[PDB]
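First, one chain by itself in structure tokens, the form deposited in one PDB entry.
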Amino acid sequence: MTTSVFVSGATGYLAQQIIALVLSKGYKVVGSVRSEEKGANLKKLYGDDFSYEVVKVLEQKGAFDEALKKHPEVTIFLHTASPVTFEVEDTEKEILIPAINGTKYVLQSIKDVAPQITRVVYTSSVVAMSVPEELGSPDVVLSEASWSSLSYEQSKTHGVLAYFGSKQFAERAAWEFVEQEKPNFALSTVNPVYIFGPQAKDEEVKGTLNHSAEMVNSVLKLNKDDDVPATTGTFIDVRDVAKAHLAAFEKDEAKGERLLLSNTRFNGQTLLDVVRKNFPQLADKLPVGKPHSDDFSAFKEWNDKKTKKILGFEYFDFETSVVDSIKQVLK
């Protein structure tokens, strides 16, 4: 009668947005959390239709088996969680293997213990699709077809490349599971770019005034003398990503799809120009740069046409996403 959706890594910024949307739709959520207190907090936040299970180590074999066994009511699994690593000493051991193993193990548990699950949505990234130099290139057109060229070997070399590799290999693992193991569920992925936007709950904006994506808040801590931030790429609003997750399990056309979630290009100047206009009280302590010096006109538009057609909604613009984040932080 009511449909129950499992969401891994439920305390996450995206996950919370997904959970809020889904609850708003009348689904139930069963959320995984790494501790009871995390769950209880989520419960207090999200209410009666929210339940939780504690799964401490996501990449462990059999990790989700008990939680799954307990929830025969669940028929959707949104796998949003990533391994939490705090500073990395060995890239393979701590980043690549956990990412890859986790995906395989979670899928195996679902097949093993939740045969009733008909849809799995795996949260991937644009980093699966590409390499860092290609991300910044005006000659590059990504699509839903795009797979990163980065090798396993190269991925080990650096922490950045490792994060890139980890997503690529993990997503490949997920598709591979589907091919090889042939489960009851249809798989789909969501592949976001830099995510901006408000948090699902005010209470969560803790510590008061923060930033993931931090890039929003690399700026607000700047000082008038500081440089304009370097960071540049494509953005997407967290709400749009969430809506993509919804469509990814709801729509027949999304079955076996990769969804590229990417909106407009930005740089530090784009960000600064927005903040400065919208929140003038902070302009005195902020840098100026060269306003509206950002010109992205040479950049080839990415090919997300299939994804937009499947999604069938229009995205939040950049200004709106940024303004909404700051307003909340300020509040």
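Think of the rigid core as the biggest set of C-alphas that the two forms share within 1.5 Å after superposition. Quick note: we count residues from 1 along the sequence shown, nothing fancier.
Comparing 292 to 300 with 59 to 67, the higher mean C-alpha B-factor in the PDB entry belongs to 59 to 67. Stretch comparison (201 to 209 versus 87 to 95) by mean CA B-factor in the PDB entry places 201 to 209 on top. Take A247, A174, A145, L222 and read off each C-alpha B-factor from the entry; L222 has the highest. Residues shown: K182, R258, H79, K167. Highest C-alpha temperature factor in the entry: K182. Placement of the Cα temperature factor of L286 within the chain: highest third of the modelled residues, per the deposited record. Annotation for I117: CA B-factor lies in the middle third of the chain's modelled residues.
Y27 sits in the middle third of its chain by CA B factor, as recorded in the PDB entry.
Per the PDB record, residue ranking by Cα B-factor puts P192 in the lowest third of the chain. When all modelled residues of the chain are sorted by CA temperature factor, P138 is found within the lowest third.
The following text describes the form deposited with a small molecule bound, which does not appear among the structures shown.
Of the listed positions (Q180, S149, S137, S212), a single one reaches within 4.5 angstroms of the small molecule by any non-hydrogen atom in the deposited bound form, namely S212. The contact residue chosen from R34, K43, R276, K306 relative to the small molecule in the deposited bound form is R34, the criterion being a non-hydrogen atom within 4.5 angstroms. Figure note: of the listed segments 319 to 327, 20 to 28, 7 to 15, 306 to 314, the one touching the small molecule in the deposited bound form, with heavy atoms no more than 4.5 Å away, is 7 to 15. Contact between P83 and the small molecule in the deposited bound form is found at the 4.5 Å heavy atom cutoff. Of the heavy atoms in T91, none are within 4.5 Å of the small molecule in the deposited bound form. Looking at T123, you'd find a heavy atom of it within 4.5 angstroms of the small molecule in the deposited bound form. Contact check for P192: a heavy atom falls within 4.5 Å of the small molecule in the deposited bound form. For the three marked residues, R172, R239 and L260, no heavy atom of any sits within 4.5 Å of the small molecule in the deposited bound form. Among the residues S143, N210, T75, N101, the single one whose Cα moves by at least 2 Å between this form and the one not shown, once the core is superposed, is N210. Superposition on the rigid core between this form and the one not shown places the CA atom of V84 2 Å or more away from its counterpart.
Whereas the shown form places them at one spacing, the Cα atoms of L14 and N210 lie at least 3 Å closer in the deposited bound form. Relative to this form, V288 and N210 separate from one another in the deposited bound form, with their C-alpha atoms ending up at least 3 Å farther apart.
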